[PDB]
Enquirer: 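Starting off with a structure, shown below.
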Amino acid sequence: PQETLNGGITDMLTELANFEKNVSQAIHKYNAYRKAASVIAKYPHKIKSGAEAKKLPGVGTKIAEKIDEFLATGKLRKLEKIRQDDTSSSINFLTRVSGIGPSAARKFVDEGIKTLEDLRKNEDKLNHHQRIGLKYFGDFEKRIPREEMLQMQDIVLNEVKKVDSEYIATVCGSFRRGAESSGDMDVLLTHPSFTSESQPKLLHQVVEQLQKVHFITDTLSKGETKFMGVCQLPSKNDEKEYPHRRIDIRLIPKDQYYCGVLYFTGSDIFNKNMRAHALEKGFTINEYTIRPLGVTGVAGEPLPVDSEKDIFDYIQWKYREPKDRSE
DNA sequence: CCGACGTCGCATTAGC
DNA sequence: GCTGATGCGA
DNA sequence: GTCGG
Ligand code: NA
Ligand code: NA
């Protein structure tokens with residue numbers, strides 16, 4: 001639906017969501033407002049009243065009241081106020097820095113540190129992740145066009161294969177669903193030598209190679225199974241350099257790989273629909289496994305999974321292309 | 001009325 | 001020194 | 001904040 005239809009309302013709800021998460025440290029209210037913003041965003045009618053909106057799942061009495069106020073006045077008093085508030089707006093802003101959550105933001109603003117400049121002045125009070133977040137503040141908020149994602153995938157698949165041709169690497173996220181743009185790159189990695197029942201340098205060797213060819217530029221965190229860092233496409237001659245990008249790489253046991261690929265391919269909406277289907281067939285599906293219930297409700301062991309289709313087939317669904325998994 | 005609301009790897013840190 | 005809790009991000 | 005046991 002066009003933004004013009006209820007964009008004022010959904011923008012209002014998103015802003016409220018952010019203040020709950022970043023200022024009030026109320027994560028569940030944050031997700032309440034987001035859920036309401038999503039369902040309203042998909043509503044194919046211009047909302048005429050709070051009562052109309054309340055019919056939608058996730059919109060309750062209080063959001064109905066806010067919509068009435070917005071419709072009758074074009075603003076929300078509480079939002080106008082908190083927007084104007086020096087401390088609250090500063091706390092909310094600082095959390096746009098990767099690594100600065102509500103708690104770090106609150107602590108910075110308590111001691112007078114309110115802007116990117118104040119951060120730039122006080123690097124010794126920032127941890128490693130936060131420094132990297134500050135360094136790439138602008139780049140990290142840019143989207144990644146699919147053409148660059150393809151170029152990024154090219155490098156990743158190539159370098160992974162150069163390390164060991166028996167690795168299996170899959171770039172997931174909305175990119176795998178064919179999205180025209182991405183927020184970051186999510187790479188799922190496995191290897192036949194790594195199972196649930198079985199080196200812990202499988203991940204390190206791949207990260208090391210990607211650093212060696214100067215694709216990976218910085219590290220946010222890194223252990224034996226999850227890497228989170230920064231990358232950059234090489235610059236095309238006398239052209240402007242590419243933005244730095246967020247890349248995650250996780251190593252998953254072979255027997256849990258395709259469950260992982262399914263899960264991180266999404267979308268979130270499609271995943272829950274599929275998780276519902278789902279139990280009904282007497283199966284529990286999470287990021288790692290699919291398991292049978294269970295006349296009482298006792299999960300049996302993980303069923304063997306050798307492809308995404310294998311999962312679909314357990315729950316008697318026909319395989320669905322990543323492009324067809326928006327819901 | 002009142003609890004659930006996703007879960008967990010890694011980095012940092014609090015307490016012993 | 002170690003272990004557990006918390007913050008953070010996805 | 002919303003839902004539902
Ligand atoms: Na409702
Ligand atoms: Na942040």
Side-chain angles (χ1 to χ4, degrees), chain A residues 9 12-40 50 53-67 76 78-79 91 94-108 124-134 136 140-141 171-175 182-189 200 203-204 207 218-230 245-253 256 259-260 263-269 271 274-276 284-289:
Chain A
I9 298 173
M12 168 182 89
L13 296 180
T14 300
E15 201 164 339
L16 287 173
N18 289 335
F19 281 111
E20 292 299 336
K21 167 170 69 70
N22 302 326
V23 174
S24 287
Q25 302 182 219
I27 189 67
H28 302 302
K29 284 188 178 184
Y30 158 78
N31 286 319
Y33 276 120
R34 277 174 74 238
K35 174 178 176 186
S38 302
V39 66
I40 288 174
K54 190 159 187 306
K55 294 178 180 178
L56 304 176
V59 176
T61 300
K62 302 283 277 295
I63 290 185
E65 288 170 14
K66 293 177 161 63
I67 284 168
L76 205 67
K78 282 176 177 169
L79 197 42
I91 289 175
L94 292 190
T95 66
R96 292 164 57 179
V97 180
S98 185
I100 298 187
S103 175
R106 183 78 73 94
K107 183 186 36 164
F108 287 138
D124 54 308
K125 307 196 180 223
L126 270 60
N127 62 35
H128 182 65
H129 183 147
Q130 287 163 350
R131 296 179 174 134
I132 298 310
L134 172 62
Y136 300 120
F140 282 1
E141 289 193 338
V171 178
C172 301
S174 73
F175 168 79
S182 299
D184 54 17
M185 172 169 271
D186 203 17
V187 182
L188 275 68
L189 180 67
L203 185 54
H204 170 84
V207 172
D218 306 81
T219 300
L220 294 176
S221 59
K222 181 181 170 294
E224 299 178 352
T225 63
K226 190 168 140 215
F227 171 86
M228 302 174 65
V230 186
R245 311 296 203 181
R246 278 278 296 107
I247 181 173
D248 294 344
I249 304 172
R250 65 192 98 220
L251 181 68
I252 305 173
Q256 294 185 353
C259 280
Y263 179 74
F264 288 100
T265 296
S267 72
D268 293 338
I269 175 153
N271 274 329
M274 183 174 179
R275 292 179 180 280
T284 182
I285 293 170
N286 61 26
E287 168 194 354
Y288 313 109
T289 54

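All values below were derived from every heavy atom in this structure, side-chain atoms included, with hydrogens, water molecules and symmetry-related copies excluded. In what follows, chains are A, B, ... by sequence order, proteins preceding strands, each numbered from 1.
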Enquirer: Any strand is fair game: report the nucleotide pairing with B:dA14 by Watson-Crick or G-U wobble, both distances under 3.5 Å, or none.
Expert: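 Across all strands, the one nucleotide that pairs with B:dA14 is C:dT3.
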Enquirer: Say you pick atom P in B:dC8 and the same atom in D:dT2; how far apart are they, in whole Å?
Expert: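 B:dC8 and D:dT2 have their P atoms separated by 29 Å.
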Enquirer: Looking only at the side chain of A:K62 (C-beta and beyond, no hydrogens), which of the listed nucleotides C:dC8, D:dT2, B:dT12 gets closest?
Expert: D:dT2
Enquirer: When you compare C:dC8 with B:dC5, how far apart are their P atoms, in angstrom units rounded to a whole number?
Expert: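 Each nucleotide's P atom is 22 Å from the other's.
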Enquirer: Under 4.0 angstrom, heavy atoms only, what part of the nucleic acid is A:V97 near: base, sugar-phosphate, or nothing?
Expert: sugar-phosphate
Enquirer: Between A:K226 and B:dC10, does any side-chain N or O lie under 4.0 Å from OP1 or OP2?
Expert: no
Enquirer: Between D:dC3, D:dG1, B:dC10, which nucleotide gets closest to the side-chain atoms of A:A32?
Expert: D:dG1
Enquirer: Pick base, sugar-phosphate or nothing for A:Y30, based on heavy-atom distances below 4.0 Å to the nucleic acid.
Expert: nothing
Enquirer: Students often get this wrong, so: under 4.0 angstrom with heavy atoms, is A:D186 touching a base, only sugar-phosphate, or nothing?
Expert: nothing
Enquirer: I want to confirm an ordering. Mapping A:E287 and A:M228 to their closest nucleotides on DNA chain B, which one lands closer to the 5' end?
Expert: A:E287
Enquirer: Is A:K21 close to A:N31 at the side-chain level, that is, under 4.5 Å between some pair of heavy atoms?
Expert: no
Enquirer: Which listed nucleotide (D:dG1, C:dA10, C:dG9) is nearest to the side chain of A:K29?
Expert: D:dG1
Enquirer: Of all the choices, B:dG6, D:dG1, C:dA10, which nucleotide is nearest to the side chain of A:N31 once you look at every atom?
Expert: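 That would be B:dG6.
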Enquirer: Which listed nucleotide (B:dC5, B:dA11, C:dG9) is nearest to the side chain of A:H28?
Expert: B:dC5
Enquirer: Could you give the NE2-to-P distance, from A:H204 to B:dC10, as a whole number of Å?
Expert: 14 Å
Enquirer: What nucleotide, of C:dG9, D:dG1, C:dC8, holds the atom closest to the side chain of A:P102?
Expert: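 For the A:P102 side chain, the nearest candidate turns out to be C:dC8.
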Enquirer: Can you tell me which nucleotide in B:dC10, D:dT2, B:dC8 comes closest to the side chain of A:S221?
Expert: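 From the listed options, B:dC10 comes nearest.
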Enquirer: Ignoring the backbone of A:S103, work out which of C:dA10, C:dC8, D:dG1 is nearest its side chain.
Expert: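 Among the listed nucleotides, the one closest to the side chain of A:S103 is C:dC8.
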Enquirer: Under 4.0 Å, counting only non-hydrogen atoms across every strand here, what does A:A36 touch: a base, just sugar-phosphate, or nothing?
Expert: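 No contact at all - A:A36 keeps every heavy atom at 4.0 Å or more from the nucleic acid.
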Enquirer: Remember a base hit wins even if backbone is also touched, and classify A:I100 as base, sugar-phosphate or nothing at under 4.0 Å, heavy atoms.
Expert: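 It contacts sugar-phosphate atoms only.
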Enquirer: Measuring only the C1' atom in each nucleotide, how far is B:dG3 from C:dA10? A whole number of Å is fine.
Expert: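 B:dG3 and C:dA10 have their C1' atoms separated by 25 Å.
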Enquirer: Select base, sugar-phosphate, or nothing to describe what A:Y288 touches, counting heavy atoms under 4.0 Å on all strands.
Expert: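 Sugar-phosphate contact only - A:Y288 comes under 4.0 Å of backbone atoms but never of a base.
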Enquirer: Hydrogens and angles aside, do A:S221 and A:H129 bring a side-chain donor and acceptor to less than 3.5 Å of each other?
Expert: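 No.
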Enquirer: Ignoring backbone atoms, establish whether A:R246 has a side-chain N or O less than 4.0 Å from OP1 or OP2 of C:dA10.
Expert: yes
Enquirer: When rounded to the nearest Å, what value does the distance between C1' atoms of C:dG4 and B:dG9 take?
Expert: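 Nearest-Å result for C:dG4 against B:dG9 at atom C1': 15 Å.
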Enquirer: Sticking with atom P, work out how far C:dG9 lies from B:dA4, rounded to a whole angstrom.
Expert: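 My reading of the P atoms in C:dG9 and B:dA4 gives 25 Å.
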Enquirer: Any side-chain N or O of A:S98 less than 4.0 Å from the OP1 or OP2 oxygen of C:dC8?
Expert: no
